[PDB]
Structures are given as C-alpha cells and as structure tokens.
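Heads up, the thing below is written out as structure tokens.
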Amino acid sequence: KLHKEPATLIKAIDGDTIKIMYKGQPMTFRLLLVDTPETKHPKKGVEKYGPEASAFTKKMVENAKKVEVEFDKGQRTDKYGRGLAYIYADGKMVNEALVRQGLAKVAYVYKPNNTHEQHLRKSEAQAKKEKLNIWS
C-alpha cells in the first residue's frame, strides 16, 4: 500500500524532473512512468512540446498549496541518484495530468515500479483519441 509523503518545492527543472526538499534534504526527482519532450535532452536539446511540458509541470507545482511524493514498490532512486516517484500537487498526480494533456507518453515500464501503469495508459489513450499536443 503506497503512501504519500509531504515535500517542499525547491525548483522545477524540466517537464519530468523537479528539485524537491524531502525529509529535510534537497533531492532531484524524476517523475515515474512518463517521458516528456525535453528542453535539457542530452542529444537533441529542445524538442517539440518540451517547453510546453516544462511550463505545465512548473505551473502545476508552483501554484500548489501542498506537494506530496509517493514512492512505488521497487527501487526509489535511479542510477543518477534521482528519486523515483509519483508527484501530487493538491491531490492531483502531476504524472497523470501531463499524460492526460498529450504532454507526455507512458514510459518503458519496469516492474515492480508500475503500480499506476494502467491508470496512466488509460489517460494516454484518451489524449490520443482527443489528438492533444504530442498526439495532434
């Protein structure tokens, strides 16, 4: 049974990466299960809808009263030392909102970190049917 923990926004870095104060330490978090187009991508640089995905995440977490982190059941950091979690802004999952808006695709999924996978794929299929953004 996953649980949400309180956290404090430090800085939004990209569509799918946010810096957060967690249990009193600054950490970089990568959003589980979603790929957004990047502004800070290794190879390509600024890909299409990258600035848009990035502004969406930033506004969403910046305007929130409460930010919460929810770890999944498997590893909680990746090889870059980034936390792996679902992020909530006033009760709303940022990972899903991005997917629902056609601003992210559901990522390659790795068990056992796949608890909300079905839910996200359902939102992804709706944004495609609606031909939003990435899917337009």
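By order of appearance in the structure tokens: chains A, B, ..., then residues from 1 within every chain, and ligands from 1 in the order shown.
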
Could you list, with a cut-off of 6 Å and counting only C-alpha atoms, the residues of region 47-132 of chain A near region 23-36 of chain A, each shown with its nearest atom pair and the distance in Å rounded to one decimal, rows sorted by chain and ascending number, as JSON lines?
```
{"residue": "A:82", "atom": "CA", "partner": "A:29", "partner_atom": "CA", "distance": 5.1}
{"residue": "A:83", "atom": "CA", "partner": "A:29", "partner_atom": "CA", "distance": 4.4}
{"residue": "A:84", "atom": "CA", "partner": "A:30", "partner_atom": "CA", "distance": 5.4}
{"residue": "A:85", "atom": "CA", "partner": "A:32", "partner_atom": "CA", "distance": 5.2}
{"residue": "A:86", "atom": "CA", "partner": "A:32", "partner_atom": "CA", "distance": 5.8}
{"residue": "A:104", "atom": "CA", "partner": "A:36", "partner_atom": "CA", "distance": 4.3}
{"residue": "A:105", "atom": "CA", "partner": "A:35", "partner_atom": "CA", "distance": 5.3}
{"residue": "A:106", "atom": "CA", "partner": "A:34", "partner_atom": "CA", "distance": 4.6}
{"residue": "A:107", "atom": "CA", "partner": "A:34", "partner_atom": "CA", "distance": 4.6}
```

When DSSP works through the backbone of this structure, what residues of region 49-112 of chain A end up as strand (DSSP E or B), shown as a list in words? residues 67, 68, 69, 70, 71, 77, 83, 84, 85, 86, 87, 88, 89, 92, 93, 105 and 106 of chain A

Using only C-alpha atoms for the distances, tell me which of A:75, A:62, A:96, A:13 is nearest to residue 38 (chain A). A:13

Residues near residue 128 (chain A), cut-off 10 Å, only C-alpha atoms, skip fewer than 4 positions along chain, as a PyMOL selection string: chain A and resi 99-102+105+123-124+132-136

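One finds CA of residue 87 (chain A) at 24.9 Å from CA of residue 131 (chain A).
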
If you count only C-alpha atoms, which residues fall within 10 Å of residue 65 (chain A), apart from same-chain ones fewer than 5 positions away, as a ChimeraX atom specification? /A:8,89-91

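Distance annotation: of A:21, A:77, A:15, A:61, the residue with the minimal separation from residue 49 (chain A) is A:15; atom set is only C-alpha atoms.
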
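Comparing A:20, A:97, A:7, A:60 by their smallest distance to residue 120 (chain A), the closest is A:97 (using only C-alpha atoms).
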
Distance criterion (only C-alpha atoms): nearest to residue 67 (chain A) out of A:19, A:122, A:111, A:44: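 Selected residue with least distance to residue 67 (chain A): A:19.
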
What does the distance between CA of residue 4 (chain A) and CA of residue 69 (chain A) come to in Å, to one decimal place?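 For CA of residue 4 (chain A) relative to CA of residue 69 (chain A), the distance reads 5.4 Å.
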
Name all residues at most 10 Å from residue 40 (chain A) (count only C-alpha atoms; drop same-chain ones fewer than 6 positions away) and give them as a short mmCIF file (atom, residue, chain, number, x, y, z; two decimals) with C-alpha atoms, in the first residue's frame.
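Just written: result.cif:
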```
data_model
loop_
_atom_site.label_atom_id
_atom_site.label_comp_id
_atom_site.auth_asym_id
_atom_site.auth_seq_id
_atom_site.Cartn_x
_atom_site.Cartn_y
_atom_site.Cartn_z
CA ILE A 13 13.83 21.78 -13.75
CA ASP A 14 12.10 20.15 -16.73
CA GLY A 15 8.83 18.56 -17.74
CA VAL A 46 14.93 21.44 -27.09
CA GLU A 47 12.40 19.02 -28.60
CA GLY A 50 9.42 20.34 -24.40
CA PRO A 51 8.97 23.99 -23.40
#
```
